[PDB]
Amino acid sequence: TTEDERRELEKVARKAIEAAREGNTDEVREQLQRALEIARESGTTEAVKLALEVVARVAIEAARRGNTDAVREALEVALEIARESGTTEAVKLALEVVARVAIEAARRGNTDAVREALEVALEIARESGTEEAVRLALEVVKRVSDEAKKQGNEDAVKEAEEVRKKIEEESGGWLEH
């Protein structure tokens, strides 16, 4: 039921967050895989939402600690949840996770994590084949650019510019193709 999955994801979150703090890439990978499988097994949007929240918390912690591997693993799992859920809601939630992570990274001078997050935003837009996902991805890039400007993170401002240019140049093809 919903009570068993919530407690399960709670355990996963605890272990994954600790692993993200300590640079334990192997454990972060394993725990995020379990979050994905819990969402799979549950077959509800509620479970998808909770799993994406766990992924977000792990990736935010990782972003704060310069744990590039964990940010990468976590956002890949967000991407896969978006792929497998079969709903627009899951895609929008995954994009909000990516935005949250990229914003925290921008605030912490974590330019790897900004780069990883924006690349997943681009991939979500490329794979979704909806105009709305392209628009939302561009909004994510703008939010990250805004934060980077505010914090004096020139690397992140430049990365956001490059990803914006890529979406603007290439999204025309993504949508038709």
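For every residue, the number given is its place in the sequence shown, counted from 1.
Peer 1: Can you tell me which stretch has the higher mean Cα B-factor, 1 to 9 or 168 to 176?
Peer 2: 1 to 9 has the higher mean C-alpha B-factor.
Peer 1: On average, are the C-alpha B-factors higher in 141 to 149 or in 37 to 45?
Peer 2: The stretch with the larger mean CA B-factor is 37 to 45.
Peer 1: Among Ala113, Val55, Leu136, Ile124, where is the Cα B factor highest in this entry?
Peer 2: The listed residue with the largest C-alpha B-factor is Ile124.
Peer 1: Please pick out which of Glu84, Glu89, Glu96, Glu73 has the largest Cα B-factor as recorded in the entry.
Peer 2: Answer for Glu84, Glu89, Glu96, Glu73: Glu84, with the highest C-alpha B-factor.
Peer 1: Relative to the other modelled residues in the chain, which third contains the C-alpha temperature factor of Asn67: lowest, middle or highest?
Peer 2: Lowest third of the chain for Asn67's C-alpha B-factor.
Peer 1: Going by the entry, which third of its chain does the Cα temperature factor of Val157 land in?
Peer 2: Lowest third of the chain for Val157's C-alpha B-factor.
Peer 1: Of the three thirds of its chain by CA temperature factor, lowest, middle or highest, which one includes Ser128?
Peer 2: It falls in the top third of the chain.
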